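Working notes, beginning with the structure itself.
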Amino acid sequence: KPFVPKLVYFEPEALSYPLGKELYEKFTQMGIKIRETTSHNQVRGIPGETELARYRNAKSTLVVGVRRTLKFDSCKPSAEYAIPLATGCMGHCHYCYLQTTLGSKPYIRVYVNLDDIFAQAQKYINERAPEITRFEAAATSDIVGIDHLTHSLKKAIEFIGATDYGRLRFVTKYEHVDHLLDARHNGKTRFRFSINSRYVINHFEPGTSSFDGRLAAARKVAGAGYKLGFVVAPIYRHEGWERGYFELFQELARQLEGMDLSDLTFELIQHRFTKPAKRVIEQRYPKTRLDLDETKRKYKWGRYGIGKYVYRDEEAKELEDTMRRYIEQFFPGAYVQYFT
Ligand SMILES: C[Se@@+](CC[C@H](N)C(=O)O)C[C@H]1O[C@@H](n2cnc3c(N)ncnc32)[C@H](O)[C@@H]1O
Ligand code: SF4
């Protein structure tokens, strides 16, 4: 049930680092097919005759490379920066925004040069101290879902835990958190889970852990002293969404009752999609119920890239107000960090 790749690519340079060496040893011992690639951003020969086949097979492919981009991207409103530990995901969420993100790849990538990466993170922290600098580790991947293979996130958690002015956060749809429970987080990591209505999870989130699985994991990480949070996203106006999301927060409260929820956080993100979304999603998920009708949406223009469709202002406000009402009803004193 925890993710294991069926095909693994290595950059030759990756073997020079401890994680690369360790993964090569692990995967050869398991007898898994291993290939070489010059760059992790140009992987050749992933099997499949159709686009759909190559896409599905890429989602079962792990690529082990070196992070050569010095700059960390900003990650507002979640955090100051995205810390780059991995890219890609084994999940098959129909709506996933990563599908149409510039330069995104369908395969799962992990970076081995953690010394370089954490040193750069410390540099950003130093540049802003004594202000707090937050790092998002799950901006372009499900870092938690991959981590049982690498422990890169566990190392990041403990790196940030040792800093004075650094904070870490990440969000997951996976329950495989056991190895992270004894990590020395030192109160400086916010462990979040993506949750949604029964409609959205059942119809649009195949290849992820169940709602009960995500909540079991949430109880574990809270019990281990992590700061707990939830990301309600994508907020999607399906038939009967009002009651659907009411029952989400009601069930969420029942599954967390007894626990201290004085520092619990919520983040709210409405469903958004880009212009190329329809063609990409229809090819990859032919039977999807996902509504990508742009005529009923408002378009936000891009800045340096292309923009995105979101719900019209009045629909978005309706969503925000309704979610805020439910959170106030079932989780008094929980902080809503933002709606976007
Ligand atoms: C990019 Se997701 C990476 C982290 C992890 N693998 C996870 O799924 O939680 C980050 C969040 O953004 C949501 N999200 C994904 N696509 C969309 C979208 N199109 N519109 C609106 N929201 C979208 C997902 O449900 C997540 O809550
Ligand atoms: S899990 Fe997070 S990342 Fe993996 S697919 Fe579903 S959304 Fe995209």
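For ligands, and for the atoms within them, numbers begin at 1 and follow the listed sequence. Below, all heavy atoms of this structure are taken into account, side chains as well, without hydrogens, waters or symmetry copies. One is the number of the first residue; the rest follow in order along the sequence.
One finds the CG atom of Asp321 at 9.0 Å from the CZ atom of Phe339 (value rounded to the nearest 0.5 Å).
Taking the six-membered ring where the residue is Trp, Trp301 and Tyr299 present perpendicular rings, their angle passing 60° and hence far from 30°.
Between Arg134 and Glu80 there is a salt bridge, since at least one side-chain N of the basic residue sits less than 4.0 Å from a carboxylate O of the acidic one. Under 4.0 Å is where a charged nitrogen must lie from a carboxylate oxygen, and between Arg254 and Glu251 at least one such pair does. Using a 4.0 Å cut-off between charged side-chain N and carboxylate O, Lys1 and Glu175 make a salt bridge. One finds a salt bridge joining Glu267 and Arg169 here, because a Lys/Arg side-chain nitrogen approaches an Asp/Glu carboxylate oxygen to under 4.0 Å.
Residues with a heavy atom under 4.0 Å from ligand 1: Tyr95, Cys96, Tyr97, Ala138, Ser141, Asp142, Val171, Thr172, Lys173, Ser194, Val231, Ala233, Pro234, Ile269, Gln270, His271, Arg272.
Between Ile46 and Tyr9 there is a side-chain heavy-atom pair separated by less than 4.5 Å.
No donor-acceptor contact under 3.5 angstrom links the side chains of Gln270 and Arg237, judged on distance only. No hydrogens or angles considered: a donor-acceptor pair under 3.5 Å links the side chains of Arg297 and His271.
Of all protein N/O/S atoms, those lying under 2.8 Å from atom 8 (Fe) of ligand 2 come to 1.
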